[PDB]
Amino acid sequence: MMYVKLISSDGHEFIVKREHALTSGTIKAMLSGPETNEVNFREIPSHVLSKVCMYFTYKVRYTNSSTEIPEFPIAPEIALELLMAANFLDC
């Protein structure tokens, strides 16, 4: 398939399926307007951006499925940064 590279503030590069990344409308805008498949996030550190990618996989897998859906886990230590990241990314 097609992949995109998502780069955290500390320089970690996360390669995810394009379709998975397009879950976020914010990212969709970063790919079509303002290296063609890379996005740098000056504000999202790797311990947050990693969970976001896990969310994309989780969302794509369990949306519209008849399999019992598990809880998406969020450690308390990251809940606050993940909230701001999720808000920014609109996902």
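Residue indices: 1-based, along the sequence shown.
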(request) Look at the other compared PDB entries that model both sides of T36, then say whether a third or more of them leave it out. (result) yes
(message) Given the other compared entries that model the residues flanking it, would you say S66 is unmodelled in at least one third?
(response) yes
(message) Counting only residues that lack coordinates, how big is the gap in the deposited sequence between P34 and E35? Pick none, 1 to 3, 4 to 9 or 10 or more.
(response) 4 to 9
(message) Using only C-alpha atoms and the B-factors in the entry, which stretch averages higher, 36-44 or 50-58?
(response) 36-44
(message) By the recorded C-alpha temperature factor, relative to the other modelled residues in its chain, which third is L83 in?
(response) lowest
(request) Going by the recorded CA B-factors, say which third of the chain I15 sits in, lowest, middle or highest. (result) middle
